[PDB]
Amino acid sequence: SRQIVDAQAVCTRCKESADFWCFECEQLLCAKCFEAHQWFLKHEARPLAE
Amino acid sequence: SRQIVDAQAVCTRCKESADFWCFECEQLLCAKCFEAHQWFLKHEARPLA
Ligand SMILES: [Cl-]
Ligand SMILES: [Zn+2]
Ligand SMILES: [Zn+2]
Ligand SMILES: [Zn+2]
Ligand SMILES: [Zn+2]
């Protein structure tokens, strides 16, 4: 399943602009929510292209 | 900006399973492509996990 991520994509948790994609959660995250995700989970994830 | 994301991380070059992200190439690379990357370039990069 590929997915289109719009230019205005937003974090799945808060309202901030998305910066990361998690391959196992399948979700978009802002930097601050992403740092929490990395503390509590060990998932493959990547920065979004700027 | 506008881009496609996949459920699985695969190398941008060869489509094998990916292991690294390069911030300046903005690319996913498998281990073998990334070793080649390091031979030719010096960029900020991280493993995917
Ligand atoms: Cl992707
Ligand atoms: Zn995750
Ligand atoms: Zn967030
Ligand atoms: Zn490759
Ligand atoms: Zn690079």
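Things to note:
- Taking the charge dipole of chain A about its Cα centre, with +1 at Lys and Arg Cβ atoms and -1 at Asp and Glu Cβ atoms, the residue from A:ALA18, A:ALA36, A:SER1 reaching farthest to the positive side is A:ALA36.
- Magnitude of the charge dipole for chain B, about its Cα centre and with charges confined to Cβ atoms of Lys, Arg (+1) and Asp, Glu (-1), is about 80 debye.
- Distance between region B:1-17 and chain A - C-alpha centres, whole angstrom: 15 Å
- Where GluC sites (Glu not before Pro) fall in DSSP loop in region B:1-31, at most 12 other Cβ within 10 Å: B:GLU24
- Distant-in-sequence amide H partners of A:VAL10 (H built 1.01 Å from N, under 5 Å): A:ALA18
- Each 5 Å bin from zero up to the one holding the largest Cα-Cα distance in chain A carries the following percent of pairs: 5, 23, 36, 24, 10, 2.
Read-outs throughout are calculated quantities, based only on the coordinates presented, and are distinct from any laboratory measurement. Cβ coordinates were reconstructed from backbone atoms using ideal geometry, including for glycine residues, and neighbour counts include every protein chain displayed.
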